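Reviewing the structure listed below.
In my numbering, the protein residues as written are 147 to 250.
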């Protein structure tokens, strides 16, 4: 129905990522359960410590969802589980701003 995408992207929103887990894992933890994994990404703070969430990528949409329900609350990864969800890319239109009032 939504025909109009030459090779889209299917990423997943993960959360509750212990500060002991890193990308190297996020990827494997997934790529292992699903061979359609592109790579794992974990967000970090100014210091470089896992904020507690991240995002992953895949090649097949069919699997993407399967994980959301399957990998759901994945405990195997990091002492704490992982909250799977459907994230969305830059969905908006940026516009230039300007200011400069005047009175008479």
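By construction, the Cβ of each residue, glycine as well, lies at the ideal position given by its N, Cα and C atoms.
Residue i - DSSP class collapsed to helix/strand/coil
i	result
residue 184	strand
residue 232	strand
DSSP beta-bridge partners of residue i
i	result
residue 161	199
residue 190	196
For residue i, the first and last residue of its enclosing alpha helix (DSSP H)
i	result
residue 211	207-216
residue 223	Looking at the DSSP string, residue 223 is not in any alpha helix (DSSP H), and its letter there is neither H nor E.
residue 170	169-179
Pairwise C-alpha distance: residue j and residue i
i	j	result
residue 181	residue 203	11 Å
residue 215	residue 209	10 Å
residue 174	residue 222	11 Å
residue 184	residue 241	32 Å
residue 160	residue 246	43 Å
residue 195	residue 165	6 Å
residue 163	residue 206	24 Å
residue 178	residue 149	30 Å
residue 155	residue 197	24 Å
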